[PDB]
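First, one chain by itself: the form deposited in one PDB entry, in structure tokens.
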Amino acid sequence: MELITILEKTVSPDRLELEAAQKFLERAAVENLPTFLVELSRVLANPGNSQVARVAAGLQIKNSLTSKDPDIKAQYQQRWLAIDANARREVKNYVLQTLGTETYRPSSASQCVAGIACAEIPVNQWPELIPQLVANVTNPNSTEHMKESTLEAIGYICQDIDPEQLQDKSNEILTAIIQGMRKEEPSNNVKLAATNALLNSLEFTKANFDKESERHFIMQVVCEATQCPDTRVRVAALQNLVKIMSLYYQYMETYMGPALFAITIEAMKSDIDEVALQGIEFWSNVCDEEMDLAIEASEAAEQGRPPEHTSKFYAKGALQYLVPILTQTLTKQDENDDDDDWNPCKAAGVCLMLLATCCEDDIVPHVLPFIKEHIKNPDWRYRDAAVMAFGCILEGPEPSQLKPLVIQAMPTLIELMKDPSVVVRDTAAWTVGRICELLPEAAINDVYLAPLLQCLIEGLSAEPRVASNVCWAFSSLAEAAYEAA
């Protein structure tokens, strides 16, 4: 046989032609291990080769070097390791020159490079790599690919190793990553890749950020790229700014107000779902981190001593400007409605809750005016939001200021049970339950108890969820009895 048209078939559209050559060219795995890899390493290089051949090329080399399951990986790793220092030094060259000549998109080359990568360095057998890639981007005379392709590699390399191995390559690596994100940089495809690389790298550079010289610099570059026109890179930029926020909360005090708040609070109002999600996550993650510190304080306050680390209270401020987005976002909900998807309607509801449990008795006021103001609106959308928001804000706040609140709505909430809109129903049912779990007393009220239960029952023969919610309620109410004795 002749090795090209086979690779063409090594991934063909038919499950038998492929399954065939997928093994034929697997006999030379354990009976030709070396000799093979190389063969491809060149065909993967010479541009003359049709797409498939090339694409399929690295696919095989990539394949036989690494594994998905963190298990077998160990095995297929030492593989190219215990190999002959003859062909390795050969392949490692027919590939570092394949980039810039591949027309396709996710260029296979990046793949294999990274694969070999997690092994030619955890000991240091390929310490000439990093300087070479660096040259691909920092060098102004390089193809839109020559650059892209490269980064792609750098990114996989990070996404596959434990922090400890890359912690001292940072300076060398990062210097390149960021170069791909710069504003003056032409192709957004290079920018993109780069912004991704960062997402996988932030994880191991406490050293880098600790040096103000760089930090300032990184944050500048990330925020700039947050103003890039290509949606493709904005979602990348925010993802970093979100990761960074969970990662380096303490250092963010110098960027939050001048640069970050304006940026993240803006995004949330993006018509684009992907871009909003990111924005919400940010302030969502911020609460998480902040109310977590909130603990550090007390647990270390009763014991009588300085809190190891201190919060800076961002949610509290922006609270005013947040909610009136979170709430207004509790409207961009999917029609057909999928239950496991992650669209703003959720993030908003979720974050609207977390905030409600960190800011405490400060949220009650900023949210009410939206409920009263949307309990009657025609569009069900602005209606269920009203309910939902009332549902969210029941954790955190002191009951000695909710019990009274609910009661006034409690009644006009029951009427929402059989609200002509199917979504208002479901949500109205969900709240009720949440109003039994959190606040037991203020629910069992004669004034509207009799009219209550008689509507919960009525719900048992309704839609699953709803019914499967009246339970979250009846149950709760009962437990509230075994507790009062």
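One-based numbering along the sequence shown. Each form is matched to the other, and the largest set of C-alpha atoms that superpose within 1.5 Å is called the rigid core.
Visitor: Check the entry's C-alpha temperature factors for 470-478 and 18-26, then say which stretch has the higher mean.
Guide: 18-26 has the higher mean C-alpha B-factor.
Visitor: On mean C-alpha B-factor from the PDB entry, just flag whether 271-279 or 163-171 is the higher one.
Guide: Result: 163-171.
Visitor: Looking at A297, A85, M252, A225, which has the biggest Cα B factor in the entry?
Guide: Highest C-alpha B-factor among the listed options: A85.
Visitor: Determine which member of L405, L260, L192, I371 has the highest CA B-factor, using the values in the deposited entry.
Guide: Largest recorded C-alpha B-factor: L405.
Visitor: Report the third (lowest, middle or highest) to which the CA temperature factor of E152 belongs, ranking only the modelled residues of the same chain.
Guide: Middle third of the chain for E152's C-alpha B-factor.
Visitor: Among the chain's modelled residues, which third holds the C-alpha B-factor of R89?
Guide: Its C-alpha B-factor, which the entry lists for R89, ranks in the highest third among residues of this chain.
Visitor: Where does the C-alpha B-factor of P70 rank in its chain, lowest, middle or highest third?
Guide: Highest third - that is where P70 ends up once the chain's C-alpha B-factors are sorted.
Visitor: What third of the chain does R381 rank in for C-alpha temperature factor, lowest, middle or highest?
Guide: CA B-factor rank for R381: middle third.
Visitor: Would you mind checking where the Cα B-factor of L33 ranks among the modelled residues of its chain, as the lowest, middle or highest third?
Guide: As the PDB entry reports it, the C-alpha B-factor of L33 lands in the highest third of its chain.
Below, we refer to the form deposited in another entry, which is not included among the displayed structures.
Visitor: Hey, after the core superposition between the shown form and the other one, which of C112, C351, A385, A194 has the C-alpha moving 2 angstroms or more?
Guide: The one that moves 2 Å or more is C112.
Visitor: My question is whether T98 is one of the residues whose C-alpha shifts by 2 Å or more between the shown form and the other one, given a fit on the rigid core.
Guide: Superposed on the core, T98 moves its C-alpha 2 Å or more between the shown form and the other one.
Visitor: Taking the rigid core as reference, does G433 move its C-alpha 2 Å or further between the shown form and the other one?
Guide: No, the C-alpha moves less than 2 Å.
Visitor: If I superpose the two forms on their rigid core, does the C-alpha of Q125 end up displaced by 2 Å or more between the shown form and the other one?
Guide: Moves: yes, 2 Å or greater.
Visitor: So the Cα-Cα distance between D338 and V423 shifts by 3 Å or more in that other deposited form; is it shorter or longer than what we see here?
Guide: They are closer; the C-alpha distance drops by 3 Å or more in that other deposited form.
Visitor: By 3 Å or more, the Cα spacing of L405 and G433 differs in that other deposited form; is it closer or farther than in this view?
Guide: Result: closer.
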